[PDB]
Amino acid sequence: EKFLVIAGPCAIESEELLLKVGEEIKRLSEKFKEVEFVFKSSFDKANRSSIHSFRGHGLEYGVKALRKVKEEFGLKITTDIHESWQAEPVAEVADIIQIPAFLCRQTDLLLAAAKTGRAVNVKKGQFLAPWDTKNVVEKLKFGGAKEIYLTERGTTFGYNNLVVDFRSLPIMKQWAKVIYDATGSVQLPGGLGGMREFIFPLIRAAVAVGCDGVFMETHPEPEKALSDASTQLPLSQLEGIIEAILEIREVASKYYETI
């Protein structure tokens, strides 16, 4: 099956930022034809730790910017929703509606996304056990969702630290396609946080174990990003990472267990 790569800047800092990242993602989509690329960016960071942190430029501006990326590069789109009313307007441009980690249990939000007819990708809550995502998928199917993804992004391990229990990949694969969030899994919640040095090794682990796609927030200059500055992957490094995981996936694939 075509490998999925969801990538883009964490937040829609500006329409210019999106087009710049979109251009590179488009270039990579032309090279890696065996990969299905989906451009990602949030119109709002609704769960920042501090009230003083950057949130965004609003839904309207965000949807408009994402539409430009889709029209200019012909790339599929994904963004996250935070409250039920946002599903409808967002569904106008988003091919995949993303459900934030902390909201993976909010029934109305999941139902709102499912009835749009769009694909739905749920970030697995840091408090959730792998086997408990079965009911999350059940809610989505109940709501009309036909294309469902579950994204592994770490589990609470002590304070301000997340661990990736790779046993979750084959467990969740029992009821949905699985995506591995390479940048969210190395963040240190309320750290100041994150450790970029572990992004690559863990993504290699993900593809060796076996998943249906990877999720990576990428920015031209992570050091200057307005959100997740400690975990976003430098755009210049995206190509090499993708080539590497495709190579590891190929050699490991014959050993992937059947569900």
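Just count from 1 along the sequence shown to find any residue number.
> Unmodelled deposited residues between residue 51 and residue 52: none, 1 to 3, 4 to 9, or 10 or more?
Per the deposited record, the segment joining residue 51 and residue 52 has no missing residues.
> Using only the Cα atoms and their B-factors as the entry lists them, report which of 87-95 and 154-162 averages higher.
Per the PDB entry, the higher value belongs to 87-95.
> Could you check which stretch, 138-146 or 69-77, carries the larger mean CA temperature factor in the entry?
It is 69-77.
> Compare the CA B factors listed in the entry for 106, 168, 126, 187 and report the winner.
When the deposited C-alpha B-factors of 106, 168, 126, 187 are compared, 187 is largest.
> Determine, from the deposited record, the chain-internal third of the Cα B-factor for residue 244: lowest, middle or highest.
According to the entry, residue 244 has a C-alpha B-factor in the chain's middle third.
> Against its chain's modelled residues, does residue 228's Cα B factor rank lowest, middle or highest third?
Its C-alpha B-factor belongs to the highest third of this chain's values.
> Place residue 63 in the lowest, middle or highest third of its chain's C-alpha B-factors, as listed in the PDB entry.
Its C-alpha B-factor, which the entry lists for residue 63, ranks in the highest third among residues of this chain.
> Going by the entry, which third of its chain does the Cα temperature factor of residue 195 land in?
Its C-alpha B-factor belongs to the highest third of this chain's values.
> Name the third of the chain's ranked CA B-factors that contains residue 259, choosing lowest, middle or highest.
Highest third, going by the recorded CA B-factors of the chain.
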